[PDB]
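Each chain, letter by letter, is given below.
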Amino acid sequence: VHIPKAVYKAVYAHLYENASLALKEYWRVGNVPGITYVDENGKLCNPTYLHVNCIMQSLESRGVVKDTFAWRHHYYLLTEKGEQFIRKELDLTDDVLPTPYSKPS
Amino acid sequence: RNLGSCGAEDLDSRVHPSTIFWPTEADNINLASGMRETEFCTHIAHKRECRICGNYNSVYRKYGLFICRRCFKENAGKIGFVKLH
Amino acid sequence: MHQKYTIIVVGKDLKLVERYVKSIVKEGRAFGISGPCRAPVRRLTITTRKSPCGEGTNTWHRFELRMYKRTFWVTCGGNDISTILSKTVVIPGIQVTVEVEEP
Amino acid sequence: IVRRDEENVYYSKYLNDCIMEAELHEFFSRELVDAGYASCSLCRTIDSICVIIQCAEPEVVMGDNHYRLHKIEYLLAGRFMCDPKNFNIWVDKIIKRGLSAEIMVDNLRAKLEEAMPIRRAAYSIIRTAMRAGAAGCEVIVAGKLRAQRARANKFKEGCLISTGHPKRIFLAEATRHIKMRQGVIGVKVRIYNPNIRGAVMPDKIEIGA
Amino acid sequence: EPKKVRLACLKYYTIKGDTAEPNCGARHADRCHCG
RNA sequence: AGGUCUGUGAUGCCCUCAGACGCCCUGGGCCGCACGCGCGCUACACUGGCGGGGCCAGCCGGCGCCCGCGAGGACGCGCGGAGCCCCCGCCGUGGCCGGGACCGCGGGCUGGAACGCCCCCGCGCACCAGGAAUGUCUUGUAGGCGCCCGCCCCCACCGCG
RNA sequence: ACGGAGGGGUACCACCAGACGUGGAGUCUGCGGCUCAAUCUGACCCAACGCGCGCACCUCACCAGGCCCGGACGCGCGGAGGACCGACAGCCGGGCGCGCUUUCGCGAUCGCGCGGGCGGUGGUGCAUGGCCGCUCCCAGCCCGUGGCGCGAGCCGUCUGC
């Protein structure tokens, strides 16, 4: 409900660098093992399912991503509108592209 | 209520610093990493559920499956289970 | 040199497992030997009610999953670290047939 | 002479990966509807994963400059927790789409969602199959097709098998669900190719001169 | 329904550059945050 | 118009939606008992019960040492299979050493938590082969004897074999 | 379709010949009734009644009580001269900054109204899909051309072995 900005930035960066996010359907207390952020917290701190789930709800509502639920897993993908939005929250300059376009093969 | 203390007699009798046995079930490492928060979900307990339809009843744990019997006949052919004999 | 290597291959269907066997035996005759051991078949069994609701005659399904396993540990010192690769890439790349190598 | 607690790792390292495949089947089916998705396969090469797809028109899923594919690869890896760039993918193309039930039934679902009547859609599907060289196709459309009191009317053309082991080789079946304003419209397809692949249907004898 | 009260001048613990409040941060004293 | 909207990110139309039919916590209940009946288990004994000994399976399969009458427990390593039956004795037609329900002291296990399950001493219910009525079965079959898995923190008179 | 009509066949979910049982008692479990704050519900000849895969917590729906919003997204208004959110002492309370006598904090992650969502083991299986059961431990079912009938229909698809 009260989400730190480090978390927002972390989620956005994870999206851009991976263009995706596959997330569990969970509502109890727990910590996501993937996306991590540092706020003087040990070496790194992991977030909580609640914050990230609220974030993702909002994003998909705005049209940034498109879900594709499955065996009780959330599969999100960022679109073009989303790219044209993530590119400015992170302060990215124009022309920059995410890694999957970087000829993985 | 940090300024709340108890007689020493009522302290050694307290449960030894041991991790409550109930560990829940993390079907995958992804689905976790260890006001109301004081009692949101303190009743830790096994919550084993189907990894398809999320129901807590009739779950084949044999062979590390974790699939409901109903949610099973459908996907059994894909998995490789077949009906012969 | 000599590393006592062992080959284990696993499959659920009996037709590729025997085809993979032949290719390997063909391609390992020189780099030492490669005679197989056929294991007892691990058969997974699941019995389920054929009904989602529990009505009518009590009728049961009988699924199973046979898993076949063969084991060529005959390389042994007869294969070096790179020599194992040679054949393993010269054998066909069947889509499904798990393989693991250990000394 | 042998311990049974050790090989359980090999046996349990096959089962997990068979399951991992099914989730992908479901996900693709819910995703690559427009690319003629049919099926999937996997190859657990230690260094990296390989997945082989069967699609009518891969260039759609390929994506300009391979963007959709790559967007997919990074995604799956997070879920199955593999290092991306070791989660590569390959796509293969189906040439006999009329022999594939999935393509047919998905096309039928599309055509139905455009309001066209069932009588035309089914028989167009069936003509398409026969042109492909098939010995039979049966279509079924059950549900609230009229005002109320749902009924099933089935269309067919040729000859079909219905029993025996041979039905697991020469008979290809599939189903879908179509959500509409009245309700749900169940649809299913089945096609019979006796001369498929190289196997020979039993009780079939050919003589000489 | 806590019975809070409203004050616009939340800035007069001091007179002029003073140290009234027991960096920064009857029954004795009860410090903000933890005890 | 057989059953399933209480298996599901299967669903049309209704009802609930900030004192919630959402979600989370603490307790209680689903087991309560003058009564009718459905599938099973244990017995009514000598073609037997008790004590001692000898010995062979299969789906498949884990063990040592030391405490404790036992159930169980502390440590440490990878290694491994039973009832009926057979032999020798006691009992001697007695609701008796057949049968083991009920109850009174006590010792332990699971678990955050016993109302749950195991062991020991004592007490020792109905029952003498079952009316009108009725079910299943043709070779390794009926019947008798036990052993594994499932669900499962603990527990099988059930179920698949 | 039916016949307390005829003629041919067939099967231990039928009989002959036999075997082993149930209905007799104690007990496990499920089913109706009584009771209770609740004793959550589906199924009722074959074709409901150890069946809807082991109920102290969860599972869980029902009974007595309490936290939280996890109110997406749009328009109007308000707000850092301070939106919303946490806490010591001391009580009330099963308990918890739940509430209370007070004053420290935190910082726009928003508040209110109007539209619109999400969710729900909530109803209808007599609105539906899918899956099962039964008819059926059956031996039967249909197409093209042709022929007979105004026609519904018949022959093919057999009153023989």
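What counts as what
- Residues numbered from 1 in each chain as written, not as in the entry; some residues may be left out.
- Chains lettered and ligands numbered in written order.
- Part of a larger assembly, values for the part shown.
- Heavy atoms only, no water.
- UniProt positions renumbered as here; feature names shortened; annotations may be inferred.
- Salt bridge = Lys/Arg side-chain N within 4 Å of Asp/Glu carboxyl O.
- Helix = DSSP H or I, 4+ residues; strand = E, 2+ residues; numbered from the N terminus.
- Buried < 20%, exposed > 50% of the residue type's maximum accessible area, 1.4 Å probe, protein only.
- Contact = heavy atoms within 4.5 Å.
- Buried area = accessible area lost by both parts, 1.4 Å probe.
- Polar contact = N/O pair within 3.5 Å; in protein donor to acceptor, adjacent residues only side chain to side chain.
- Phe/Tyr/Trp six-rings, centres within 6.5 Å; stacked < 30°, edge-to-face > 60°.
- Pairing = 2+ DSSP bridges.
- Axes fitted to C-alpha atoms, helices over the stretch in contact; angles between N-to-C directions.

- Its official PDB title, as written in the record, is "40S subunit of the Giardia lamblia 80S ribosome".

- Looking at the PDB entry, one finds chain C named Ribosomal protein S20, with Giardia intestinalis assemblage A as its source organism.
- Quoted verbatim from the Sequence similarities (unreviewed entry) field of the UniProt record, the comment on chain C reads "Belongs to the universal ribosomal protein uS10 family."

## Description of the pattern of salt bridges
Part 1: All chains considered together, the criterion is met by 19 salt bridges over all chains.
Part 2: The closest approach of N and O atoms between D27 of chain B and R51 of chain B, which form a salt bridge, is 3.3 Å.
Part 3: The shortest N-O distance in the salt bridge between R68 of chain D and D34 of chain D comes to 3.9 Å. Linking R68 of chain D in helix α3 (residues 67-80) with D34 of chain D in the loop between α1 (8-31) and β1 (37-43), this pair joins segments that are 34 residues apart in sequence.
Part 4: Under the relative-accessibility criterion, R68 of chain D is labelled partly exposed at 25%.

## Some thoughts on the interface of chain A and chain D
Part 1: Across the contact, 23 residues belong to chain A and 19 residues belong to chain D.
Part 2: When the area that chain A buries against chain D is broken down by residue, the three leading residues are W71, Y75 and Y101 of chain A, summing to 30%.
Part 3: Our count for the contact surface shared by chain A and chain D stands at 0 salt bridges.
Part 4: Across the contact surface, chain A and chain D share 6 residue pairs in polar contact.

## Structural notes on the packing of aromatic side chains
Part 1: Throughout the structure, instances matching the rule amount to 12 aromatic pairs over all chains.
Part 2: Considering the side-chain rings of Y26 of chain A and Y49 of chain A, the 5.4 Å spacing of their centres and the 50° angle between planes classify their relative orientation as tilted. Of this pair, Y26 of chain A sits in the loop between β1 (20-24) and α2 (49-62) while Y49 of chain A sits in helix α2; the two residues are 23 residues apart in sequence, bridging distant segments of the chain.
Part 3: On the basis of relative accessibility, which here comes to 2%, the residue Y49 of chain A falls in the buried class.
Part 4: For the ring pair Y101 of chain A and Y67 of chain D, a centre distance of 4.5 Å and an interplane angle of 25° mean the geometry is stacked. With one member in each of two chains, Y101 of chain A in the segment after α3 (80-89) and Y67 of chain D in helix α3 form a pair that bridges those chains.
Part 5: Residue classification places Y101 of chain A among the partly exposed residues on the basis of a relative accessible area of 25%.
Part 6: Overall, the relative accessible area of 18% leaves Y67 of chain D in the buried class.
Part 7: Taken together, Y75 of chain A together with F27, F28 and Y37 of chain D form an aromatic cluster joined through their ring pairs.

## Quick look at the sheet that holds strand β4 (residues 137-143) of chain D
All names here are of chain D.
Part 1: Spatial ordering of the open sheet is given by β5-β4-β7-β6, a layout of 4 strands whose pairing is antiparallel. The two strands at the open ends of the sheet, each matched to only one other strand, are β5 (151-156) and β6 (171-179). Looking at each pair of strands side by side, their axes are set apart by 15° on average, direction ignored.
Part 2: Bridge count between β4 and strand β7 (residues 184-192): 7 bridges; the pairing is antiparallel. Within β7, the position partnered with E138 by the bridge is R190.
Part 3: Of the strands in this sheet, β4, β6 and β7 are in contact with helix α4 (residues 101-113), which crosses β6 at around 25°.
Part 4: Across the face of the sheet, helix α5 (residues 118-132) comes into contact with β4 and β5 while running at roughly 30° to β5.

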